[PDB]
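1. here is my input, please return the structure:
(2 chains)
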Amino acid sequence: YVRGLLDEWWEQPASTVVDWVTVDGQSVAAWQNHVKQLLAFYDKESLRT
Amino acid sequence: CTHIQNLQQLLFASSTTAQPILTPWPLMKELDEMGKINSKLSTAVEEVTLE
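-> Numbers count the residues shown, from 1 in each chain, chains lettered A, B, ... in the order given. Below is the structure in question.
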């Protein structure tokens, strides 16, 4: 089970572990379009209205 | 007579390879690698908490 060898190096040298806390946040960037909607889509009414 | 020759080569092996070997010959990896992660990477443990 050599697959998890880097995971032990993910414990003390855990820069990678905190590095990918954004890619899953990037994975929900489509869900962040609603968060984008509350401000960006409010500029849609600037020219719409 | 016995010691002086013993003190130089055999009890030398029973001294130089006694306190870092006799108990710890398998604990050198528990001496140095222990200091590699929990003493050298010790400050690197805060890295996950800090970032």
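
2. every contact and neighbour count from this point should use C-alpha atoms.
-> OK.

3. and the residue in chain B that chain A sits nearest to, how many neighbours?
-> With Cα to the nearest Cα, the shortest gap between chain B and chain A falls at residue B:45, namely 4.7 Å. Residue B:45 has 18 neighbouring residues, counting by other Cα atoms under 10 Å in any protein chain shown.

4. now it: which helix or strand?
-> Using DSSP states H and E, residue B:45 sits within helix B:42-50.

5. buried set for that helix?
-> Of the residues in helix B:42-50, B:44, B:45, B:48 count as buried by neighbour count, 16 or more other Cα atoms under 10 Å in any protein chain shown.

6. how about those residues in CSV, adding distance to residue A:3?
-> Listed next are the buried residues of helix B:42-50 as CSV, based on distance: Cα to Cα, whole Å:
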residue, distance to residue A:3
B:44, 23
B:45, 22
B:48, 21
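
7. quick check, nearest of the residues you listed to residue A:35?
-> residue B:48 (27.9 Å; Cα to Cα).

8. what's near enough to touch the closest one?
-> By Cα atoms under 8 Å, 6 or more residues apart in numbering or on different chains, the residues touching residue B:48 are A:12, A:13, A:14, A:15, A:17, A:18.

9. again, only this time at 6 Å
-> Residues near residue B:48 by Cα atoms under 6 Å, 6 or more residues apart in numbering or on different chains: residue A:14.
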